[PDB]
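A short write-up of the structure that comes next.
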Amino acid sequence: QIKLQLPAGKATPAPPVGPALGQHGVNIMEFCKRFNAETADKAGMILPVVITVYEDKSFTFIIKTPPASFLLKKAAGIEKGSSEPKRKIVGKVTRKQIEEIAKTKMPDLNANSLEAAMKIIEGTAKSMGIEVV
RNA sequence: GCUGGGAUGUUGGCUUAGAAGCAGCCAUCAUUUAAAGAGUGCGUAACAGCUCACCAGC
Ligand SMILES: [Mg+2]
Ligand SMILES: [Mg+2]
Ligand SMILES: [Mg+2]
Ligand SMILES: [Mg+2]
Ligand SMILES: [Mg+2]
Ligand SMILES: [Mg+2]
Ligand SMILES: [Mg+2]
Ligand SMILES: [Mg+2]
Ligand SMILES: [Mg+2]
Ligand SMILES: [Mg+2]
């Protein structure tokens, strides 16, 4: 069982994909087209998928919501997180934005309340030099 | 002491060919918890895997 974060509508490259699971038994081509199939509904974003390979080299994979750090980057309109979180703020997002992301990632979050969800997201923002306003 | 658990965002941000708790720098929050560090050491190219913290039962 392998896991990785592949961009929406794109796959097959050797450096990014290939070698990775391609060395566990997986047949790249089938995944590239397959992944890029459903990753059509949500394109442009980087989404993490969990590939599972059965003894017979066959496989399946679940597509999850994009990473918090990623959504956060997007929200703050930045490209990278601070090189020194807290010491240097490189961006910021509104409390409502935290709410949006928390809502977006909810299926993958284990919070029992939207409040707890936002607290989770804020923890990530605090780790990448992104402030909340 | 023994057994079982040791979870979720998440491979935290940066860096890097990679850097996924564990080269290095910064941060070290939040969730679900009985409990579980943004992780004690081993380990991998990076993962994996083993181990410790911590909790539970005996
Ligand atoms: Mg509201
Ligand atoms: Mg004891
Ligand atoms: Mg044990
Ligand atoms: Mg990382
Ligand atoms: Mg690290
Ligand atoms: Mg590392
Ligand atoms: Mg390491
Ligand atoms: Mg706690
Ligand atoms: Mg329980
Ligand atoms: Mg005990």
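No hydrogens, no waters, no symmetry mates; every other heavy atom, side chains included, goes into these values. In what follows, chains are A, B, ... by sequence order, proteins preceding strands, each numbered from 1.
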**Request:** Could you tell me whether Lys80(A) contacts a base, only the sugar-phosphate backbone, or nothing, with contacts defined as non-hydrogen atoms closer than 4.0 Å?
**Result:** sugar-phosphate

**Asked** Mind checking who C25(B) pairs with, Watson-Crick or G-U wobble, both distances under 3.5 Å?
**Response** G13(B)

**Message:** Just to be sure I understand the rule, does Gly123(A) reach a base, reach only the sugar-phosphate, or reach nothing, if contact means heavy atoms closer than 4.0 Å?
**Reply:** base

**Complete:** So, going by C1'-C2'-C3'-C4' where positive is north and negative is south, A23(B) is north

**Item:** Rounded distance in Å between the P positions of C2(B) and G24(B)
**Value:** 32 Å

**Asked** With sugar-phosphate meaning primed atoms plus P, OP1 and OP2, does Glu115(A) contact a base, only sugar-phosphate, or nothing at under 4.0 Å between heavy atoms?
**Response** nothing

**Request:** May I ask you to classify the sugar pucker of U15(B) as north or south from its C1'-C2'-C3'-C4' sign?
**Result:** north

**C22(B) to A35(B) separation - P atoms, rounded to the nearest Å** = 26 Å

**Message:** Strictly below 4.0 Å: does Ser83(A) bring a side-chain N or O up to OP1 or OP2 of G13(B)?
**Reply:** no

**Request:** Identify which one of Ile63(A), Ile51(A), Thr39(A), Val49(A) satisfies the side-chain contact (heavy atoms from CB on, under 4.5 Å) criterion when paired with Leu6(A).
**Result:** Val49(A)

**Prompt:** Roughly how far apart are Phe35(A) CZ and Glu30(A) CD, rounded to 0.5 Å?
**Reply:** 15.0 Å

**Message:** Quick check on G39(B): from the sign of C1'-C2'-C3'-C4', north or south pucker?
**Reply:** south

**Prompt:** Is the base of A46(B) touched by the side chain of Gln23(A) through a donor-acceptor pair closer than 3.5 angstrom?
**Reply:** no

**Item:** Watson-Crick or G-U wobble mate for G4(B), both contacts under 3.5 Å
**Value:** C55(B)

**Prompt:** For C47(B), does OP1 or OP2 lie under 4.0 Å from any side-chain N or O of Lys3(A)?
**Reply:** no

**Whether over 12 other heavy atoms sit under 6.0 Å from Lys33(A) NZ** = no

**Message:** Any side-chain N or O of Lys105(A) below 4.0 angstrom from OP1/OP2 of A30(B)?
**Reply:** no

**Asked** Can you tell me how far P of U31(B) sits from CD1 of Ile98(A), to the nearest Å?
**Response** 14 Å

**Prompt:** Expressed as a whole number of Å, how far does the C1' atom of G37(B) sit from that of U31(B)?
**Reply:** 15 Å

**Item:** Same apolar cluster: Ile130(A) and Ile46(A), side chain cutoff 4.5 Å
**Value:** yes

**Message:** Are there over 12 heavy-atom neighbours, none belonging to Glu79(A), within less than 6.0 Å of that residue's CD?
**Reply:** no

**Prompt:** Are both defining distances between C29(B) and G9(B) under 3.5 Å, such that they form a Watson-Crick or G-U wobble pair?
**Reply:** yes

**Complete:** By nearest-nucleotide position on RNA chain B, the 5'-leaning member of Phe70(A) and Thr124(A) is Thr124(A)

**Request:** Assign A38(B) to syn or anti; the rule is syn for a glycosidic angle within 90° of 0 and anti otherwise.
**Result:** syn

**Prompt:** With positive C1'-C2'-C3'-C4' meaning north and negative meaning south, how does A38(B) come out?
**Reply:** south

**Asked** Would you call the sugar of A35(B) north or south from its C1'-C2'-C3'-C4' torsion?
**Response** north

**Request:** Would you indicate which nucleotide in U32(B), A27(B), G13(B) comes nearest to any side-chain atom of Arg87(A)?
**Result:** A27(B)

**Message:** Can you confirm whether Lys74(A) is buried at NZ, in the sense that more than 12 heavy atoms of other residues, nucleotides or ligands lie under 6.0 Å from that atom?
**Reply:** yes

**Request:** Would you indicate which nucleotide in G12(B), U28(B), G9(B) comes nearest to any side-chain atom of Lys86(A)?
**Result:** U28(B)

**Asked** Would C29(B) and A30(B) count as a stacked step, six-ring centres under 5.5 angstrom and planes under 30 degrees apart?
**Response** yes

**Item:** Euclidean distance, atom NZ of residue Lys88(A) to atom P of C25(B) [Å, nearest integer]
**Value:** 15 Å

**Asked** Between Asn110(A) (CG) and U33(B) (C1'), how many Å, whole number?
**Response** 9 Å

**Asked** Between neighbours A23(B) and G24(B), do the six-membered base rings sit under 5.5 Å apart with planes under 30 degrees?
**Response** yes

**Request:** Please state whether the phosphate of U31(B), meaning OP1 or OP2, lies under 4.0 angstrom from any side-chain nitrogen or oxygen of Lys119(A).
**Result:** yes

**Message:** Pairing status of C42(B) with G49(B) is requested, where a pair means Watson-Crick or G-U wobble geometry with both distances under 3.5 Å.
**Reply:** yes

**Prompt:** Given atom CD of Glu84(A) and atom P of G13(B), what is their separation to the nearest angstrom?
**Reply:** 16 Å

**Message:** What is the separation between atom CG on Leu4(A) and atom P on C47(B), rounded to the nearest whole Å?
**Reply:** 14 Å

**Fill in**
Sequence neighbours excluded, the answer for ring pair (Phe, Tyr, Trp, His ring centres under 6.0 Å) partners of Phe61(A) is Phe31(A)

**Prompt:** In whole Å, what is the span from the CG atom of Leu21(A) to the P atom of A45(B)?
**Reply:** 20 Å

**Message:** Quick one, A7(B) with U31(B), are they a Watson-Crick or G-U pair at under 3.5 Å for both distances?
**Reply:** yes

**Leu109(A) CG to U31(B) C1', straight-line distance once rounded to whole Å** = 7 Å

**Request:** Please examine the side chains of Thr65(A) and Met106(A), heavy atoms only from C-beta on, and report whether any two atoms are closer than 4.5 Å.
**Result:** no

**Asked** If we check the six-membered rings of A34(B) and its strand neighbour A35(B), are the centres under 5.5 Å apart with planes under 30°?
**Response** yes

**Request:** Scan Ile130(A) against the nucleic acid and name what it touches under 4.0 Å (heavy atoms): base, sugar-phosphate only, or nothing.
**Result:** nothing

**Complete:** All heavy atoms of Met118(A) vs all of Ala102(A), minimum pair found to be N-CB, 3.7 Å

**Asked** What integer number of Å spans the P atoms of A20(B) and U32(B)?
**Response** 26 Å

**Message:** With nearest nucleotide decided by heavy atoms, which residue, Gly81(A) or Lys126(A), maps closer to the 5′ end of RNA chain B?
**Reply:** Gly81(A)

**Asked** Does the pair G39(B) and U40(B) meet both stacking conditions, six-membered ring centres under 5.5 angstrom and ring planes under 30°?
**Response** no

**Prompt:** Taking the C1' atom of each, how far is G1(B) from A48(B), in whole Å?
**Reply:** 30 Å

**Fill in**
Against the side chain of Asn112(A), the closest entry in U31(B), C14(B), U33(B) is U33(B)

**Asked** With rounding to whole Å, what would you report as the distance between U51(B) and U44(B) at their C1' atoms?
**Response** 15 Å

**Message:** Nearest whole Å is fine: how far is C47(B) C1' from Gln5(A) CD?
**Reply:** 13 Å

**Message:** Taking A38(B) first: does it form a Watson-Crick or wobble pair with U32(B), both atom distances below 3.5 Å?
**Reply:** no

**Item:** Nearest-Å distance once atom P is located in both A17(B) and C50(B)
**Value:** 31 Å

**Asked** What interatomic distance, in whole Å, is found between P of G43(B) and the corresponding atom of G13(B)?
**Response** 26 Å

**Prompt:** Should the heavy atoms of other residues, nucleotides or ligands under 6.0 Å from NZ of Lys10(A) be counted, would the total exceed 12?
**Reply:** yes

**Complete:** Of the listed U31(B), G13(B), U33(B), the closest approach to the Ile120(A) side chain comes from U31(B)

**Message:** Among residues 50-68 of chain A, which ones have heavy-atom contacts with RNA chain B below 4.0 Å?
**Reply:** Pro67(A), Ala68(A)

**Item:** Partner of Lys103(A) by side-chain contact (heavy atoms from CB on, under 4.5 Å), out of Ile98(A), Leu114(A), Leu109(A)
**Value:** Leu114(A)

**Message:** How long is the straight-line distance from CZ of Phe70(A) back to CD1 of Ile101(A), given to the nearest 0.5 Å?
**Reply:** 10.5 Å

